[PDB]
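Visitor: Sequence and experimental coordinates follow.
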Amino acid sequence: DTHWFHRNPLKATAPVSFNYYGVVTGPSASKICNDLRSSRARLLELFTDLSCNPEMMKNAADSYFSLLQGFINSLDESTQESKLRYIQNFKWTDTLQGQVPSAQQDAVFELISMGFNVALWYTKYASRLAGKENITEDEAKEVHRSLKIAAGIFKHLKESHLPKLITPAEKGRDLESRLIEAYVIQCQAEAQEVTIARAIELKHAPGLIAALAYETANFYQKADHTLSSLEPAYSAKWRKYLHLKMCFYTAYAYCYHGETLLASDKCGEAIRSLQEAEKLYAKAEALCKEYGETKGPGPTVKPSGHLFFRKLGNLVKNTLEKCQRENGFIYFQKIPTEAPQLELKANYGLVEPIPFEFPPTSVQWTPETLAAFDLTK
Amino acid sequence: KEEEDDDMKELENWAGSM
């Protein structure tokens, strides 16, 4: 009833003053600068605040993004852009890059970078809930929702905003297309993990569970692959997590697939399926150790005992023994040589990311207030 | 047989809530 989600560190940024000195001339332009500065500061604080919930994040985030949106969007022409886009330099670290910062003087860069941190916050809020031994039903649902929210933010950043950046991200950086895509995919896989647990707890047909498990594994595999063109040094830890989870959930698939075969009086085949489940599980059991010995971003962990990791282990043995027992007095069936092949159905959509858009430009931005800027120095 | 389909809904509703 608990999950373990590897998390990379949050991004950090230089505090930004929004002080333009002689540029800004007027009470109104000054006020909007203070409101930007303070809304940003409050938002940044929430990322590390333990009392923060999804409501506060959205509330603080909207407050900032709506003000920040005045540096990006035109007030009238949808084909134009704020004259203020380049007024302010923003500086950010990157998820795989440690403390090595990167900077752009582009307000669009800030919007994507901060939004990316908002998305990560949601994945970290989810993973914190997923680790509570006492996690309740509502908390699990929130884990699922939060990951879907995160998926949608990352994706929105990628599709409609990333292409505005005049300096593309360097390989391995958070604002790059390939990396950001892996986060979307991982979120889906992680969120689908929660779904599977409910289906299992709720006693759903084994065909459904097996298929959902298999699709979950596939997502993890795609994420693993998506990152695979990165330098191995700083991706190695993360890819180990994804690959471990991939192997781990394939075992889940073989396990529940065995039930389907056994229920069909194909018990010989069922036994063979469970044997493959043991293998996949052992591979996962090996990979989860390498992760613990592999250096890279985030705290060190040694995945074996998670209530999730051990349950599949008990399920596999009991499900395997059940099959062979049936085989010994009932079926008397041969154990096939080759592992069974997996269905690969189309998407079930249970994993659809919740669409995200930034809020509209704050109504504090008016042509008069905007007029109180630049003036040319 | 057909049970698998019936169940599929119960998840869609659980997930399609929030």
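Guide: Structure received. Numbers count the residues shown, from 1 in each chain, chains lettered A, B, ... in the order given.

Visitor: Tell me which other helices or strands the strand or helix carrying residue A:260 touches.
Guide: Using DSSP states H and E, residue A:260 falls within helix A:232-263. If you count contacts as 3 or more C-beta pairs under 8 Å, 6 or more residues apart in numbering or on different chains; DSSP states H and E, helix A:232-263 packs onto helix A:177-201, helix A:206-226, helix A:267-293, helix A:307-326. Every residue, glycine included, has its C-beta placed from N, CA and C.

Visitor: any idea how far that helix is from the chain center?
Guide: 17 Å (C-alpha atoms, centre = their mean, to the nearest Å).

Visitor: Check stretch A:347-362 too.
Guide: 13 Å.

Visitor: neighbours around residue B:5, how many?
Guide: Look at residue B:5: counted by other C-beta atoms under 10 Å in any protein chain shown, it has 11 neighbours.

Visitor: Report the secondary structure state of it.
Guide: Secondary structure, DSSP: H, G, I helix; E, B strand; the rest coil: residue B:5 is helix.

Visitor: Please name the spatially closest residue to the residue in chain B positioned nearest to chain A (chain neighbours excluded).
Guide: Closest residue of chain B to chain A, C-beta to the nearest C-beta: residue B:18 (4.0 Å). In this structure, residue B:18 finds its nearest non-sequential neighbour in residue A:145, 4.0 Å apart by C-beta to C-beta, 6 or more residues apart in numbering or on different chains.

Visitor: quick one, what contacts the one you found?
Guide: By C-beta atoms under 8 Å, 6 or more residues apart in numbering or on different chains, the contact set of residue A:145 is A:54, A:354, B:18.

Visitor: Residue B:4 now?
Guide: A:205, A:207-208.

Visitor: any idea how far the residue of chain A found nearest chain B lies from residue A:123?
Guide: Ranked by C-beta to the nearest C-beta, the top residue of chain A for proximity to chain B is residue A:145, at 4.0 Å. For residue A:145, the distance to residue A:123 equals 12 Å [C-beta to C-beta, to the nearest Å].

Visitor: near chain A, which residues of chain B show up?
Guide: B:3-4, B:7-8, B:10-12, B:14-15, B:17-18 (C-beta under 8 Å from any C-beta of the partner chain).

Visitor: mind running it again at 6 Å?
Guide: Residues of chain B that fall close to chain A, judged by C-beta under 6 Å from any C-beta of the partner chain: B:3-4, B:7, B:11, B:15, B:18.

Visitor: Ranking by neighbours, what's the top pick from these?
Guide: Among the residues of chain B next to chain A, the one with the most neighbours (other C-beta under 10 Å) is residue B:15, at 22 neighbours.

Visitor: give me every residue that touches that one.
Guide: Shown in contact with residue B:15 (C-beta atoms under 6 Å, 6 or more residues apart in numbering or on different chains): residue A:350.

Visitor: rerun at 10 Å
Guide: A:141, A:144-145, A:148, A:191-192, A:194-195, A:198, A:348-352 (C-beta atoms under 10 Å, 6 or more residues apart in numbering or on different chains).

Visitor: Report the buried members of those residues.
Guide: A:141, A:144-145, A:148, A:191-192, A:194-195, A:198, A:348, A:350-351 (16 or more other C-beta atoms under 10 Å in any protein chain shown).

Visitor: circling back: between residue A:145 and residue A:123, which contacts overlap?
Guide: Common neighbours of residue A:145 and residue A:123 (C-beta under 10 Å, 6+ apart) are residue A:191.
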